[PDB]
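Take a look at this single chain in structure tokens; it is the form deposited in one PDB entry.
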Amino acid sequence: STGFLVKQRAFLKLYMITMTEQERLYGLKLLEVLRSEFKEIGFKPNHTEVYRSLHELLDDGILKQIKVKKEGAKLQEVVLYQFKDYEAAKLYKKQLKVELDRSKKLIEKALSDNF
């Protein structure tokens, strides 16, 4: 790694953690929320990148899955997430904060040097 901008998977993983802190949404739901938030800026993530993020967090041991099966009128069989190790999540958030700041700097320097 030459140390360029932050990767999308990491950027999304950051958002998966924050959303596990504030809500209980499943994959396609996270994807829908995310697309809506970024529709204006132009970023349109797909479902496989969101799943990759969520699953990477499972492997990192930060999240744990909760299989849910809501029965009745509108059958849903989704997967919800919660923290398995919030401390490791906090640490991931801090690392990502450093990655995001460098990134902001890299873009500022470029805006400054070419325009």
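Residues that one form lacks are left out of the comparison. We call the rigid core whatever largest set of C-alpha positions still superposes within 1.5 Å between the two forms. A residue's number is simply how far along the shown sequence it sits, counting from 1.
The same protein also exists as the form deposited in another entry; that form is not shown, yet it is the one meant from here on.
message = After superposing the rigid core, is the C-alpha displacement of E23 2 Å or more between this form and the one not shown?
response = Superposed on the core, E23 moves its C-alpha 2 Å or more between this form and the one not shown.
request  = Look at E77 and decide if its Cα position differs by 2 Å or more between this form and the one not shown after superposing on the rigid core.
outcome  = After core superposition, the displacement of the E77 C-alpha between this form and the one not shown reaches the 2 Å mark, so yes.
inquiry  = Tell me whether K67 is among the residues that move between this form and the one not shown (Cα shift of 2 angstroms or more, core superposed).
reply    = After core superposition, the C-alpha of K67 moves 2 Å or more between this form and the one not shown.
key: Cα separation of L28 and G42 in the other form versus here, shift of 3 Å or more   = It is farther: the C-alpha separation of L28 and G42 rises by at least 3 Å in the other form.
message = Residues present in both forms only, core superposed, 2 Å C-alpha shift required: which runs of three or more differ between this form and the one not shown?
response = These are the shifted runs between this form and the one not shown: 23 to 28, 66 to 69, 73 to 80.
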